[PDB]
Amino acid sequence: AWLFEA
Amino acid sequence: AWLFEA
Amino acid sequence: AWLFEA
Amino acid sequence: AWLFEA
Amino acid sequence: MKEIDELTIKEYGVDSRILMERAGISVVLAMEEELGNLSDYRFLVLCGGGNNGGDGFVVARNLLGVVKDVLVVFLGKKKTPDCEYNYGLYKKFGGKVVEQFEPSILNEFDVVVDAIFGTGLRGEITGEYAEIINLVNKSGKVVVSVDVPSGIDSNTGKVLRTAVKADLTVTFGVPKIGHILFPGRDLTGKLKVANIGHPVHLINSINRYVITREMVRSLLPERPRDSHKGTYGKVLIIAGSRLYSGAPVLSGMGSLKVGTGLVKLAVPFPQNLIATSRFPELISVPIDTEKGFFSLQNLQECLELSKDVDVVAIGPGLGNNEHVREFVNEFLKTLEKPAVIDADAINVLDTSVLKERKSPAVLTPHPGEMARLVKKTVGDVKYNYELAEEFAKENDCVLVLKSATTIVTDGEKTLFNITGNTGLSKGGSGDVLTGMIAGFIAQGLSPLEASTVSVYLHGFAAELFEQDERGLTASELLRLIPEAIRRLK
Amino acid sequence: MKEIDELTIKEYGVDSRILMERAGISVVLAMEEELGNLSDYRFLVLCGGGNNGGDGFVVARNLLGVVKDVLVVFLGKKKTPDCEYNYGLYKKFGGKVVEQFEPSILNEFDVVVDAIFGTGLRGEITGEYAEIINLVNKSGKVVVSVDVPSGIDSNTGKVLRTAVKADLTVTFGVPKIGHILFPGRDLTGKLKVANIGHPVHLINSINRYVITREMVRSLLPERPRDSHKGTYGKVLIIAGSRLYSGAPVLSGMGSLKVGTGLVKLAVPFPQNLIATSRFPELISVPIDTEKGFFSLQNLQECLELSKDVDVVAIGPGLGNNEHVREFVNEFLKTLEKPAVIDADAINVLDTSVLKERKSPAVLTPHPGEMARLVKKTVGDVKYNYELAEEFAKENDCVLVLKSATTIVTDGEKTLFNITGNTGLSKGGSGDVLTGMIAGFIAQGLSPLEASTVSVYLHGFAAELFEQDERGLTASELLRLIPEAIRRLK
Amino acid sequence: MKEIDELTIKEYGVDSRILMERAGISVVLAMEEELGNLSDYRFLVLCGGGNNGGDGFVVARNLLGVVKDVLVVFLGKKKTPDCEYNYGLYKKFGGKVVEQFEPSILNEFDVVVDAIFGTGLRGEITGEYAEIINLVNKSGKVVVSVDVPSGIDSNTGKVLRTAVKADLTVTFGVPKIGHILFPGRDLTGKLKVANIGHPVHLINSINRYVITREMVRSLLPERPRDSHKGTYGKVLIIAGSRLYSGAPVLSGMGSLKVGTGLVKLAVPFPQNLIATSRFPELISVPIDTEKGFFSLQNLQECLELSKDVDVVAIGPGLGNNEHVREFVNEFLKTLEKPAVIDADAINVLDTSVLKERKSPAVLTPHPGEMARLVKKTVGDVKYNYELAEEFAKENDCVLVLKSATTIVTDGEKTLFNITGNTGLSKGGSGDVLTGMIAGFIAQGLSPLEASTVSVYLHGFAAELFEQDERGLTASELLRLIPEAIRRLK
Ligand SMILES: Nc1ncnc2c1ncn2[C@@H]1O[C@H](COP(=O)(O)O)[C@@H](O)[C@H]1O
Ligand SMILES: Nc1ncnc2c1ncn2[C@@H]1O[C@H](COP(=O)(O)O)[C@@H](O)[C@H]1O
Ligand SMILES: Nc1ncnc2c1ncn2[C@@H]1O[C@H](COP(=O)(O)O)[C@@H](O)[C@H]1O
Ligand SMILES: Nc1ncnc2c1ncn2[C@@H]1O[C@H](COP(=O)(O)O)[C@@H](O)[C@H]1O
Ligand SMILES: Nc1ncnc2c1ncn2[C@@H]1O[C@H](COP(=O)(O)O)[C@@H](O)[C@H]1O
Ligand SMILES: Nc1ncnc2c1ncn2[C@@H]1O[C@H](COP(=O)(O)O)[C@@H](O)[C@H]1O
Ligand SMILES: [K+]
Ligand SMILES: [K+]
Ligand SMILES: [K+]
């Protein structure tokens, strides 16, 4: 969740 | 698949 | 078994 | 494998 | 296919002995796949004198030493060269032949290989050949037919007085018409098509095919993410009467369930109200009629409704009286859109009106409607694919002749459908099909393409019914359609 | 087998074209079974001018239209008649041929079919044929060899300068010696034997066979419920020395683990005590020796012990000095029981003593012991099945020549064992085998039968080890034997 | 690695700000992988003034807005340029900093990120830095250390008065010696090594490595199918005494369990009898001694036994008296084979004899034996990898200095082993290792290779024990070896 929103 | 169609 | 021995 | 060796 | 064996020998250079060997071992391999290990079984091979029997001799020779017992009953008078060569080999390899059939001989064997006649059969079977076929059919043994079950006419599927009932049939290159049409399709049992060495270009040249899953998958129209209902077309269905208020609803939903964007029905008031109360997604336009039926008084209203649409379906539950006739014929004459013409629209059709139409049409009769249309007996038209070809060609249309095997032709290309089951033998199944074809045309498929995909899916949906097929009704079929479509992919 | 193709053509009457077709389609069917659906792959078929290359042309033709791409690189100068016929067909069916090999051509293909040479190869491969084989071996493509990998000598298993490493080899009728012996057995990869239409009587006439599960199952002695230890025989094992105290124990338990009723060891004191402390089921008789080794002083005691037994095993850990030589040779000369002669008993053996013996013997040397015995180099005797045949015949004995493929012969019948793995490459595995053979003889099998069943099971037990084979030791092998026996049934 | 950061900045041109950013986000990603979703947690980041603290500032900034609470306690006086830049960013992004540590501040947080000192620490920690580390260690919070736990010396693994106990440590480029040696390896907790953008060529230049699964897999010798016991080499083990009769057996089976073809022990009589009674696969030669120990009287017999072998292991349970000393030293002086020198052979060794030997040797001492050998205290030699390097180089040998992390060096290349557990802290585990090394040399690996693979596998087998490690014994370890080998592949 820190690096990416999907 | 080489010898037969079914 | 007819075509091949293994 | 790119970011971390463990 | 007779021309295909010939070309592969005479112009490609493949020895006919090699084709015969490849055919015979195919049969051995098909039996292994179906029966498992063959060493347990005793085989009775029944050979005629032609090349079918030759194929048998190859089977018999190949089974020598590997299985429990083999015996050939040779039933011909003379042998063709290739049959003779192979009789000669079977004998050299130590195989036993006899020329007399004893009724009790079925006793000592488990499998009957039927290599008596193949596609080389003219005229009725009588005498001993018949007796022996009747004996095999009463025996309860497992039956494997070489090429076609002996006694089927391979060009029509007809039983020539009598014919072998096989559990398994192994044919070569391509299915023959006889395996595809009834009664022959019934007597074929499980059908395997063996590649025996014909050049692929020849196999594919064949002008008549069975509709397959693969063919239908590649014809399904695309569903682009950026779409709206108009992308998927509009259908108008002109149908129903005070007598037949159900037909419109089943056709309408046939169209919607295959992915059509918008379906409008035109149905006499108040019967139009039936549709939207069952399926409120439909548009159902009240037509004001004098006595419950469409007539010329409704002509202008219907042409008007048809300007905003891509295809018009007409016929189901219209009734068949003079005023319906006038209306249907004047309508089809003026409508400059694709027409799908079913049921009562066919019963009242003037076929002169199909010739003069610039726009395309699909007709979808069952044999009774086809009989009346061309003024022949049901028996003359049933499974008559050449008559269907002539008619489509003469009238510039696609004809979909409904039956347990359905024929779809445009006069050049002819296709056979083998999906479905007896659950569709119930009124209203036909109505659903009409709707499916119109919907597929609306989505941009040609009339022949729309017809091919629809008959396939319509039958496949029937096979997906969970309970006994005989309890299937058109409303359940509608529900199964999108499962069919999903299973296709 | 060369004589087998010949007889099947010339006396049975099978056209050689038909044998060639059947061979080629076997190869196609074997590749389907191994690679799954073939339509995804691109094929490069490498054809010589002989009948092996002809087989290739049949493969190539059969793949036309069905797979992604096919190409034949034809590498011969001249074509045999059947190769020519099939080159002719491949070309008519529309197949592409070239006669120059470009190194980069492996780039555009996934499967290399190696139909360059078969059993028709004499002498070393050089020049372009070699270059191309070296290229294929470096390519990392999947390799299918027709008949034998090109460059194996099919009569010996030797690499003729260079040879193809195949993932799959499809051979015809019967395995050839070349597939069975190393290095050839290594280069064969997974071996399929195809039936291509030879009469079964000819296939079975073959004088040399591979030991199979089926063969061994039917040789295992019966275990009648009403039995006692004497039903299953008595073994005496004469073994060990002050230097080698382990060997007796492993041989003894080899005998017991195959179902022998009673095993007695005769081992110099106190080393005899080692056996019963590990396995108290054994009987281990102390032999009083001068210096830790058997000598003539122990001759009478050993003949006495051998009167109450069915078979005597001798050799493991005896040591090899003059007094052991005198003893072993005088003992074997007087013993009128079957002898199993292993290890040091072989090193000191006078072969004149084997001829004069009325009773039977099995010798079980590895190649180093066989070399010294017949006074040749290890390289002359290794995998030399004809030398083993001559020796068994001249000395009226069964010879079991140990190696990764073991040869068992009596001079008339020769068998090859292919079970086992590198875990048996450890001292003491041989000792276990000696015991297994003696035990099986004790139970009533002939020397050749006992030897056949033992080498098979000994190898199969090794393959059942749960962990990495390299950590297998003789004591674990003993434990796995009865699992092997159970898995056999 | 200090030189590696420098070269990557100064010659490759990577801004040091970019290395620092990449380091900080690595830490964030490692915590996510270990703690799952981070939004639930409250973070206390403890930053010094150096670049370690800078890394902390990057972590802290990156957590802003995404997690429940963040706070930086900054504990330095001055900031380096990159630390300052990042303090500046943290503050601009709205992050809170304080410069005073309140004992109770651990109360309001779940995770302590320790960015106080890294590889930039000289000399002992005292004063507040110590107090705060002692507070964190008492707190029971989850602790994540940036680079190395603050207070470990990254070159030795020593605790500089006091040090942080981390649950997770994220380091950069390569593991540092401090993570690998104790006590530091204990305080590191779970170690992740992050790639932060150093050129790969630099990473690999590193002269000292940890033995990995991958490294060991690629060193395992091949097992060619066509092999026999001589393919896999012969070992002689010279060992045991009347006092220590077990050692020979455990060394012997160490050799066999790694795949050696033949192992011979030379053990004073009757203690030699012990080995074959436990493992009859071994050869155990009786040596006739005066009083239960090897002496010069056995020199000639042992050189003779060593002619037929590939490697000799010597030492385990020999005893340490003058006559053993004379024997070991004269033997090693004359033996022209590779030697593996363990236990008592090391205690009596004259190191002048290692220099004059043409053939190679591996010495395998624990720290007590290493201490006596070089005449230093246990504390001076334990984990002293540079001393081990000097000694291997000066004596032309491989040294394997045993401990929970074992060091293997030849003077040029140094490797660290981290497999194993406290179950190996039991007599006889060392004996098994000696055998494994000798066996691997016998199979054709160099002394350094044999040593690397053996220490790895020896430890990995221990970890495979099913029950509590403390109940592990050398005999169970032997059984687990081949499982280790299998699990390696
Ligand atoms: N999502 C859409 N994209 C483009 N045109 C649309 C869309 N929805 C409605 N229209 C237009 O509005 C008219 C009625 O649309 P429809 O109801 O989709 O047949 C059509 O002539 C379309 O051009
Ligand atoms: N026994 C059957 N097997 C397969 N399809 C059938 C069978 N009976 C009827 N059908 C199909 O069901 C529909 C009947 O339509 P209709 O004859 O207009 O009532 C047509 O699509 C037929 O091809
Ligand atoms: N269960 C049995 N049935 C028949 N004979 C036996 C049995 N047990 C022992 N004997 C006899 O006792 C002698 C020693 O037997 P064994 O110990 O089985 O070799 C043999 O000569 C056998 O005939
Ligand atoms: N399977 C084999 N292949 C080649 N040589 C062997 C084999 N077995 C034994 N030998 C030879 O016999 C001697 C003793 O073999 P080994 O017992 O394997 O060390 C060696 O010098 C080998 O050359
Ligand atoms: N790599 C291998 N694969 C299969 N069997 C082997 C292998 N190496 C040795 N053996 C067998 O193990 C035993 C070795 O016995 P000896 O050569 O007397 O020590 C014989 O039965 C060999 O055939
Ligand atoms: N706590 C431990 N963790 C890992 N390995 C150990 C441990 N204790 C001992 N060993 C290993 O066990 C063996 C002890 O051998 P020795 O010190 O000769 O008795 C060496 O290989 C050590 O590295
Ligand atoms: K037939
Ligand atoms: K070949
Ligand atoms: K730190």
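Chain naming here is simple, since letters A, B, ... match the order of the sequence lines and numbering starts at 1 in each. Hydrogens, waters and symmetry mates play no part in the numbers below; they use all other heavy atoms, side chains included. Atoms within a ligand are numbered from 1 in the order they appear, just like the ligands themselves.
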**Q.** Candidate pair G:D226 and F:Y383, rule side-chain hydrogen bond (donor to acceptor under 3.5 Å, both in side chains), full reasoning
**A.** CA-CA 11 Å; G:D226 193 30; F:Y383 298 129; 2.6 Å; yes

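- Using a 4.5 Å heavy-atom cutoff, the side chains of E:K141 and E:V136 are not in contact.
- Checked against E:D147 for a side chain to side chain donor-acceptor pair (under 3.5 Å), the options E:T169, E:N51, E:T171 give a single hit: E:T171.
- Taking the ring centre of G:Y232 as origin, the terminal cationic atom of G:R223 falls inside the region bounded by 6.0 Å and 45° from the ring axis.
- With respect to G:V400, the side-chain contact (heavy atoms from CB on, under 4.5 Å) criterion is satisfied by exactly one of G:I407, G:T364, G:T434, G:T409: G:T364.
- Within 4.0 Å of ligand 5, heavy atoms belong to protein residues F:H366, F:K402, F:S403, F:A404, F:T406, F:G420, F:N421, F:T422, F:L424, F:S425, F:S429, F:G430, F:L433, F:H458, G:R225, G:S227, G:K229.
- Within the 3.4 Å limit, E:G118 places no N, O or S atom next to the K ion (ligand 7).
- In this structure, G:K234 contributes its side chain and G:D308 its backbone to no donor-acceptor pair below 3.5 Å.
- A tilted orientation is assigned to the rings of E:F117 and E:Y129, their planes being inclined by 30° to 60°.
- Note: angle at the K ion (ligand 7), from OD1 of E:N52 to O of E:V148, is 130° (rounded to 10 degrees).
- Rounded to 10°, the angle formed at the K ion (ligand 7) by E:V146 O and E:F117 O is 110°.
- Nearest N/O/S atom of E:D114 relative to the K ion (ligand 7): this is O.
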**Q.** Steps toward side chain to side chain contact (heavy atoms under 4.5 Å, CB included) verdict (G:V263, G:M253)
**A.** CA-CA 8 Å; G:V263 185; G:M253 290 299 309; over 6 Å; no

